[PDB]
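Chemist: So that we are looking at the same thing, I have put the structure below in structure tokens.
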Amino acid sequence: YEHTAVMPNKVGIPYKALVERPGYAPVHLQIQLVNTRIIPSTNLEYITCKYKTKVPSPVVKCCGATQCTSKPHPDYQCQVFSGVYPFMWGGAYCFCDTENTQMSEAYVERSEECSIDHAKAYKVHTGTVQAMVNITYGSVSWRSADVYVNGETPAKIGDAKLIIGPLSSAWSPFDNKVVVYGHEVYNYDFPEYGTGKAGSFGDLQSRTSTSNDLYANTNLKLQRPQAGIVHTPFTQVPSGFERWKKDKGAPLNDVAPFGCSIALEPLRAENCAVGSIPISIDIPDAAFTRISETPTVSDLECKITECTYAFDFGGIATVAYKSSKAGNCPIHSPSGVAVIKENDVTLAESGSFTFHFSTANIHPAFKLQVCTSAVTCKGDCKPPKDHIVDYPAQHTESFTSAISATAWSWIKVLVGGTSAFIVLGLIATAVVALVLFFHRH
Amino acid sequence: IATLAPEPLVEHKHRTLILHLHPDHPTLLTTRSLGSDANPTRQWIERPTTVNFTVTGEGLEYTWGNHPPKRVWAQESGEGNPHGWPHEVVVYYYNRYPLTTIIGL
């Protein structure tokens, strides 16, 4: 047989459904999600890290002049300073006064911490969504294997093929450009490897951590050495990667809506709760027994003994039956008012059992089916005294959940007497029209 | 090894979580809501302060210090009672739906 329905996109709450093959005993089916990972497709454009400017030894040809070529180096610098007359240890360097030459070249390269901490720049594109489901049906125990969340690919769990339908929302928490620094990801724009504004993020850009081509503009400017010493000074703006580490805002795993938890190694966005997921499960024909070997109940009367508004299993109801024979048969409430904690019950000849439920209604008018037979339950509920708890709701809050019997009485008094007032005006209008017509002829 | 903050004193009111924080170092406290909008707060606590956070039925998640994050959900307790005189029915639905009964009356 095949049972198709739609489940909500919530993780810790199982979805209970009762398949109904006529002529066979019903089978209680329970589908529970474990994970929900939205995995986009990324490509790595470039990385970035703090630089380390290295200075070669300057040449001192100090009777004459020297010139340089243009070596291929990121942010390479040349200068010639004339008439320096330096003073090393053990006297002055050379005899020629007031005409000298010092080169003092410089060159920018990446540091040795770039292997440990760096920021990876990614462009994302919408990709696969997959999830892990824990399932059971009938007497089969819990067996789990992960599926693909698209309405095409079936997955064999146990002996039943499950086709998890597409999500109703196309929402993904990643913008088109993300930065992955260490443990957390961000939503930040790139200069796209061509430009670098020397102080914000792309002062140093490298395509791979071991790559040989480097982009570097750090405004490296050479400076004249002073007072007759051999050293090479320079001035440059600080690294923007070190500045980005100070000013970075909150990461994406702290501002994500719908309670998404962001993981890293395939760049998942795990356990979001948005939309709904349709299902379609093909159940094997060997899991159905004939109805002549199962209990069948009649004369059902349902009484609710205690009900509580809270979203904990505080609702209790006992019903009275008289089955045809002893055995086990499941229970289920198909309406959206209350969920049922129990899966199956053990029966006898003319006994009574109790089940625990959970509802968000003041007056639960739900019905439940036991042993392919339905019975309507009614009662009143009281609010709880706890204000904040640390578990999610088991039920679903509707629109007319909070309206009580006294509030319905005041609405019907208001609506009923308003229309009765305005109809009496319409009745009395048509009454004097007849007696004015009857005056003439 | 990084320092661990002292535990806050949590106090519960109707749709409000109150946190009494007594740190000894400048400590980061970041919260978010588990609904369709995150509405995120982020602040460094240096002196002993108290902060009140509004928790709806969707949830709230707060991280304090180097502790693991904790999630809290708000129930439907309320203040009035729905059965009774009209000065009690109106009060109960105002504490539950504060805007809908203003334009509903």
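By convention here, the chains of the structure tokens are called A, B, ... in the order presented, each chain's residues are numbered starting at 1, and ligands are numbered starting at 1 in the order presented.
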Check every residue of chain B for an atom within 8 Å of chain A, counting only C-alpha atoms, and provide those that qualify as a PyMOL selection string.
Modeler: chain B and resi 12-15+17+30-40+42+71-78+82-84+89
Chemist: Give the strand (DSSP E) residues of range 261-300 of chain A, as assigned by DSSP on the backbone, as a list in words.
Modeler: residues 261, 262, 269, 270, 276, 277, 278, 279, 280, 281 and 282 of chain A
Chemist: Store the residues of this selection in a file with N, CA and C atoms, as a PDB file, in the first residue's frame.
Modeler:
ATOM      1  N   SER A 261      21.325  26.230  12.873  1.00  0.00           N
ATOM      2  CA  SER A 261      22.654  26.022  13.430  1.00  0.00           C
ATOM      3  C   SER A 261      23.597  25.729  12.274  1.00  0.00           C
ATOM      4  N   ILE A 262      24.647  26.529  12.147  1.00  0.00           N
ATOM      5  CA  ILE A 262      25.510  26.500  10.973  1.00  0.00           C
ATOM      6  C   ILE A 262      26.732  25.652  11.285  1.00  0.00           C
ATOM      7  N   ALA A 269      23.659  24.309   6.850  1.00  0.00           N
ATOM      8  CA  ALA A 269      22.866  25.178   7.722  1.00  0.00           C
ATOM      9  C   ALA A 269      21.822  24.276   8.364  1.00  0.00           C
ATOM     10  N   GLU A 270      22.201  23.637   9.463  1.00  0.00           N
ATOM     11  CA  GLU A 270      21.441  22.514   9.982  1.00  0.00           C
ATOM     12  C   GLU A 270      20.259  22.963  10.831  1.00  0.00           C
ATOM     13  N   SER A 276       6.918  23.190   5.231  1.00  0.00           N
ATOM     14  CA  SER A 276       6.420  21.843   5.458  1.00  0.00           C
ATOM     15  C   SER A 276       7.011  20.904   4.417  1.00  0.00           C
ATOM     16  N   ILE A 277       7.014  19.616   4.746  1.00  0.00           N
ATOM     17  CA  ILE A 277       7.612  18.587   3.901  1.00  0.00           C
ATOM     18  C   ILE A 277       6.560  17.539   3.559  1.00  0.00           C
ATOM     19  N   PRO A 278       6.144  17.418   2.301  1.00  0.00           N
ATOM     20  CA  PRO A 278       5.278  16.298   1.917  1.00  0.00           C
ATOM     21  C   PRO A 278       6.025  14.976   1.946  1.00  0.00           C
ATOM     22  N   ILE A 279       5.278  13.903   2.201  1.00  0.00           N
ATOM     23  CA  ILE A 279       5.833  12.561   2.301  1.00  0.00           C
ATOM     24  C   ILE A 279       5.041  11.632   1.393  1.00  0.00           C
ATOM     25  N   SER A 280       5.665  10.505   1.055  1.00  0.00           N
ATOM     26  CA  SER A 280       4.999   9.443   0.305  1.00  0.00           C
ATOM     27  C   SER A 280       5.748   8.152   0.594  1.00  0.00           C
ATOM     28  N   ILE A 281       5.136   7.258   1.364  1.00  0.00           N
ATOM     29  CA  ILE A 281       5.781   6.022   1.785  1.00  0.00           C
ATOM     30  C   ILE A 281       4.996   4.833   1.245  1.00  0.00           C
ATOM     31  N   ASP A 282       5.705   3.915   0.593  1.00  0.00           N
ATOM     32  CA  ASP A 282       5.132   2.665   0.114  1.00  0.00           C
ATOM     33  C   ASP A 282       5.390   1.586   1.157  1.00  0.00           C
TER      34      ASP A 282
END
Chemist: Need to verify the contact set: residue 288 in chain A, 10 Å, only C-alpha atoms, exclusion of same-chain residues closer than 5 positions in sequence. Can you return it as a ChimeraX atom specification?
Modeler: /A:1,21,23-27,138,283
Chemist: Applying 10 Å and only C-alpha atoms, which residues near residue 56 in chain A remain after dropping the ones on its own chain fewer than 3 positions away? List them as a PyMOL selection string.
Modeler: chain A and resi 59+104-107+232
Chemist: Kindly give the distance, in Å, that separates CA of residue 352 in chain A and CA of residue 313 in chain A, rounded to a single decimal.
Modeler: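 Interatomic distance here is 20.3 Å.
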Chemist: Nearest to residue 220 in chain A among A:13, A:263, A:44, A:198, with distances taken over only C-alpha atoms: which residue is it?
Modeler: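 Using only C-alpha atoms, the shortest distance to residue 220 in chain A belongs to A:198.
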Chemist: Residues within 8 Å of residue 80 in chain B, please, as JSON, numbers by chain. Count only C-alpha atoms; anything in the same chain fewer than 3 positions from it doesn't count.
Modeler: {"B": [88, 89, 91, 92, 93, 95]}
Chemist: Choose the residue, out of B:98, B:16, B:105, B:6, that has the smallest atom-to-atom separation from residue 55 in chain B; count only C-alpha atoms.
Modeler: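 Smallest separation from residue 55 in chain B among the options: B:16.
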Chemist: So that I can check the secondary structure, give me every residue of chain B assigned alpha helix (DSSP H) by backbone DSSP, as a count of residues only.
Modeler: 16
Chemist: Leaving out residue 120 in chain A and any residue of its chain fewer than 4 positions from it, which residues lie within 10 Å of it when counting only C-alpha atoms, given as a list in words?
Modeler: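 Near neighbours after the sequence-gap exclusion: residues 43, 44, 45, 46, 47, 48, 49, 178, 179, 180, 181, 182, 185, 206, 207, 208 and 209 of chain A.
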Chemist: Output N, CA and C atoms for every residue in the selection just made, as an mmCIF file, in the first residue's frame.
Modeler:
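Final file, out_8.cif:
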data_model
loop_
_atom_site.group_PDB
_atom_site.id
_atom_site.type_symbol
_atom_site.label_atom_id
_atom_site.label_comp_id
_atom_site.auth_asym_id
_atom_site.auth_seq_id
_atom_site.Cartn_x
_atom_site.Cartn_y
_atom_site.Cartn_z
ATOM 1 N N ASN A 43 32.357 27.718 -4.331
ATOM 2 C CA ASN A 43 33.684 27.652 -4.918
ATOM 3 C C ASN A 43 34.569 28.684 -4.237
ATOM 4 N N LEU A 44 35.836 28.331 -4.057
ATOM 5 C CA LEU A 44 36.775 29.172 -3.327
ATOM 6 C C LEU A 44 37.494 30.080 -4.311
ATOM 7 N N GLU A 45 37.219 31.380 -4.236
ATOM 8 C CA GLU A 45 37.959 32.315 -5.072
ATOM 9 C C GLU A 45 39.348 32.586 -4.519
ATOM 10 N N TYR A 46 39.435 33.115 -3.306
ATOM 11 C CA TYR A 46 40.732 33.479 -2.763
ATOM 12 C C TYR A 46 40.685 33.402 -1.245
ATOM 13 N N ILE A 47 41.870 33.400 -0.645
ATOM 14 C CA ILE A 47 42.023 33.498 0.795
ATOM 15 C C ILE A 47 42.696 34.828 1.118
ATOM 16 N N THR A 48 42.779 35.139 2.408
ATOM 17 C CA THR A 48 43.428 36.364 2.853
ATOM 18 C C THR A 48 44.010 36.155 4.243
ATOM 19 N N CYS A 49 45.091 36.875 4.531
ATOM 20 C CA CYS A 49 45.761 36.798 5.824
ATOM 21 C C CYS A 49 46.595 38.058 6.020
ATOM 22 N N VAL A 178 30.049 34.670 1.046
ATOM 23 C CA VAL A 178 30.264 34.387 2.459
ATOM 24 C C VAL A 178 31.756 34.265 2.730
ATOM 25 N N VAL A 179 32.146 34.597 3.959
ATOM 26 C CA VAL A 179 33.520 34.475 4.428
ATOM 27 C C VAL A 179 33.535 33.462 5.561
ATOM 28 N N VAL A 180 34.420 32.479 5.468
ATOM 29 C CA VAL A 180 34.536 31.427 6.469
ATOM 30 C C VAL A 180 35.863 31.630 7.185
ATOM 31 N N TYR A 181 35.813 32.163 8.399
ATOM 32 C CA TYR A 181 37.009 32.380 9.206
ATOM 33 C C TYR A 181 36.949 31.454 10.411
ATOM 34 N N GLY A 182 37.753 30.398 10.383
ATOM 35 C CA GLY A 182 37.854 29.519 11.527
ATOM 36 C C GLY A 182 36.633 28.652 11.726
ATOM 37 N N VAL A 185 30.874 31.513 10.027
ATOM 38 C CA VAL A 185 30.760 32.105 8.701
ATOM 39 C C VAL A 185 30.081 33.465 8.816
ATOM 40 N N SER A 206 45.152 35.792 -2.171
ATOM 41 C CA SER A 206 45.860 34.645 -2.712
ATOM 42 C C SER A 206 44.852 33.567 -3.071
ATOM 43 N N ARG A 207 45.001 32.988 -4.267
ATOM 44 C CA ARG A 207 44.004 32.055 -4.793
ATOM 45 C C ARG A 207 43.961 30.758 -3.995
ATOM 46 N N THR A 208 45.111 30.292 -3.526
ATOM 47 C CA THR A 208 45.186 29.130 -2.656
ATOM 48 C C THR A 208 46.194 29.458 -1.563
ATOM 49 N N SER A 209 46.140 28.707 -0.459
ATOM 50 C CA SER A 209 47.077 28.918 0.639
ATOM 51 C C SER A 209 48.514 28.585 0.258
#
Chemist: Just checking: using only C-alpha atoms, which residue out of A:85, A:408, A:437, A:321 ends up closest to residue 374 in chain A?
Modeler: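 When distances to residue 374 in chain A are compared using only C-alpha atoms, the smallest one comes from A:321.
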Chemist: To one decimal place, how far is CA of residue 344 in chain A from CA of residue 154 in chain A in Å?
Modeler: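 CA of residue 154 in chain A lies at a distance of 28.6 Å from CA of residue 344 in chain A.
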